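What you see below is based on every heavy atom in this structure, not just the backbone, and it leaves out hydrogens, waters and symmetry mates. Counting from 1, the numbers follow the sequence of the chain as shown.
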Amino acid sequence: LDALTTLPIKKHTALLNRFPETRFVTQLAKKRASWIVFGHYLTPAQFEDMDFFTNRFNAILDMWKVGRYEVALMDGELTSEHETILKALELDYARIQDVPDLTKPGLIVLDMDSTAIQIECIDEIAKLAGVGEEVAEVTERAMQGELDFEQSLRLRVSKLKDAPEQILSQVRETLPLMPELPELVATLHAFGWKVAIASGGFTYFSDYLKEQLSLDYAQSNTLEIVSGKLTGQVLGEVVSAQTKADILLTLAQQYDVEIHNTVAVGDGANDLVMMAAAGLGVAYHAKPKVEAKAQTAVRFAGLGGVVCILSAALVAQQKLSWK
């Protein structure tokens with residue numbers, strides 16, 4: 001029932017009334033506004049901290065809600081001083097130029113989790129399979145630059161030979177979905193967008209997610225399973241940085257979506273190629289080095305932050321009325 005819950009995108013007068021009327025301006029054109037601030041709860045107090053640090057009164061053109069999030073379309077420009085004070089406040093922000101249009105056919109591609117959270121996943125399958133150490137000896141040999149990326153994967157998997165299938169379920173359940181993924185999926189489908197995941201984990205997991213959430217496409221590393229045991233082989237191609245960008249371009253064409261109306265959400269160096277290929281890359285809880293390369297980043301919010309960003313283009317261009 002999870003992908004039946006959208007994130008309502010609505011104007012609330014109560015939200016406006018929370019702020020002095022002076023905080024708002026009506027002179028500047030919404031369509032020329034360049035950035036947004038968003039978080040679970042926006043208060044005058046936070047904006048006074050922002051004002052003090054940036055040495056100016058930061059006016060809001062418009063505020064609305066996206067699920068539990070409150071979004072403010074901002075006057076002026078996002079300066080590095082703004083970024084500093086917003087990080088301190090733990091408010092997210094984004095420049096909204098080039099943000100795709102929810103009302104036109106579109107595609108979003110997400111990575112099922114950080115390569116760190118997939119190393120943990122595989123290390124846990126290994127520990128359950130009783131070869132926790134072999135897999136470790138191999139991860140070490142990859143740290144020495146002895147094995148490249150694919151060799152490390154394939155070799156770590158090979159240690160699982162003969163492991164019983166039910167180890168995969170037993171691990172699926174000890175793990176939590178990205179916060180708000182189900183809402184992100186439902187919301188984008190409501191707009192008629194396609195949703196695709198591409199991860200360096202295993203088809204077993206990604207195909208389950210594809211089932212629970214009705215994703216349109218999912219691609220991971222497929223573990224060969226025979227007689228309910230893992231054979232230790234990986235079928236087909238090993239999903240790499242490049243594979244991710246390829247999935248994005250293929251599906252775009254296949255789905256008949258303009259490249260500029262695609263979105264790629266990632267968190268590691270592994271996703272930069274995908275992100276560089278999409279109309280918009282969104283770093284989600286990524287390393288500061290990856291954040292600095294992405295056009296937009298979500299730092300504090302859940303995946304609903306992605307909808308906050310997309311809703312801004314909708315509201316800026318007045319693509320729809322509310323009720």
Side-chain angles (χ1 to χ4, degrees), residues 7-99 178-180 183-184 265-267 280-317 322:
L7 295 164
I9 305 180
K10 49 149 72 78
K11 259 253 205 182
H12 259 245
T13 43
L15 183 54
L16 307 191
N17 291 346
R18 182 138 89 242
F19 293 79
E21 202 171 343
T22 53
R23 170 64 60 179
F24 303 98
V25 288
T26 33
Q27 315 247 135
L28 307 294
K30 294 205 234 278
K31 56 171 171 174
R32 337 189 85 93
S34 58
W35 67 292
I36 59 173
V37 166
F38 60 100
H40 62 281
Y41 198 73
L42 302 181
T43 68
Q46 301 163 323
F47 283 77
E48 289 161 13
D49 292 332
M50 189 174 68
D51 292 347
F52 180 97
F53 193 75
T54 60
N55 252 104
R56 75 191 67 172
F57 189 82
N58 296 273
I60 299 169
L61 288 63
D62 210 2
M63 308 191 66
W64 60 97
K65 292 255 278 203
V66 179
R68 66 170 188 101
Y69 299 100
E70 293 163 5
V71 187
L73 188 63
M74 304 296 311
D75 195 50
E77 70 174 322
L78 180 69
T79 69
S80 66
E81 281 70 37
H82 282 86
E83 305 205 49
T84 298
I85 199 63
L86 288 162
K87 282 172 178 165
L89 287 158
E90 282 162 28
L91 291 177
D92 282 298
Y93 56 86
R95 290 176 189 80
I96 64 184
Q97 202 192 18
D98 293 359
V99 172
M178 271 160 142
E180 294 182 329
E183 285 89 1
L184 179 66
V265 186
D267 66 338
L280 182 87
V282 185
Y284 181 75
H285 292 239
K287 329 155 184 177
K289 181 163 188 178
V290 178
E291 288 186 346
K293 296 190 178 177
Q295 314 155 250
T296 62
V298 170
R299 295 170 168 85
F300 310 108
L303 280 165
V306 180
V307 182
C308 296
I309 299 177
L310 293 174
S311 72
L314 218 59
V315 175
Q317 314 293 311
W322 316 76

State whether the number of non-hydrogen atoms from other residues, nucleotides or ligands found under 6.0 Å of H40 atom NE2 is greater than 12.
no
Shortest non-hydrogen contact from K11 toward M63:
CD-O, 3.6 Å
Apply side-chain contact (heavy atoms from CB on, under 4.5 Å) to the pair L86 and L78, showing each step before the final yes or no.
CA-CA 10 Å; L86 288 162; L78 180 69; 4.2 Å; yes
Calculate, to the nearest 0.5 Å, the distance between atoms CD1 and CG belonging to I96 and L310 respectively.
11.0 Å
Does atom NZ of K87 have more than 12 heavy-atom neighbours, drawn from other residues, nucleotides or ligands, at distances under 6.0 Å?
yes
Within the distance-only criterion (no hydrogens, no angle test), does the side chain of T26 pair as donor or acceptor with the backbone N or O of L61 below 3.5 angstrom?
no
The test is side-chain contact (heavy atoms from CB on, under 4.5 Å); show your working for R23 and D51 and say whether it passes.
CA-CA 11 Å; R23 170 64 60 179; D51 292 347; 2.8 Å; yes
In short, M50 meets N58 closest at the heavy-atom pair CE-CB, 3.3 Å
Given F53, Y93, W35, the one that forms ring-ring contact (aromatic ring centres under 6.0 Å, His included) with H82:
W35
Answer yes or no: does atom CD of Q97 have more than 12 heavy-atom neighbours from other residues, nucleotides or ligands under 6.0 Å?
no
Does some side-chain heavy atom of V265 sit less than 4.5 Å from a side-chain heavy atom of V298?
no
Which word best sums up how the rings of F19 and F24 line up, parallel for under 30°, tilted for 30 to 60°, or perpendicular for over 60°?
perpendicular
Could you report the tightest heavy-atom contact between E180 and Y69, atom names first, then the distance?
OE1-OH, 2.6 Å
Strictly distance-based, threshold 3.5 Å: is any side-chain N or O of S34 a donor or acceptor partner for the main-chain N or O of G76?
yes
Using every non-hydrogen atom in the two residues, find where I85 and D49 come nearest and quote the distance to one decimal.
CG1-O, 3.7 Å
Interatomic distance, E21 atom CD to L16 atom CG [nearest 0.5 angstrom]:
9.5 Å
Where do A301 and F38 come nearest, in terms of heavy atoms and distance?
CB-CE1, 4.3 Å
Residues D92, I309; criterion side-chain contact (heavy atoms from CB on, under 4.5 Å); working and verdict:
CA-CA 10 Å; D92 282 298; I309 299 177; over 6 Å; no
Please evaluate residues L42 and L15 with respect to the criterion side-chain contact (heavy atoms from CB on, under 4.5 Å), reporting the C-alpha separation (whole Å), side-chain torsions for both, the decisive distance (0.1 Å), and the verdict.
CA-CA 9 Å; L42 302 181; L15 183 54; 5.5 Å; no
Determine the minimum heavy-atom distance between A59 and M74, stating which atoms define it.
O-CE, 3.6 Å
Could you check whether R68 makes a cation-pi contact with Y41, meaning its NZ or CZ is under 6.0 Å from the centre of the six-membered ring and within 45° of the ring axis?
no
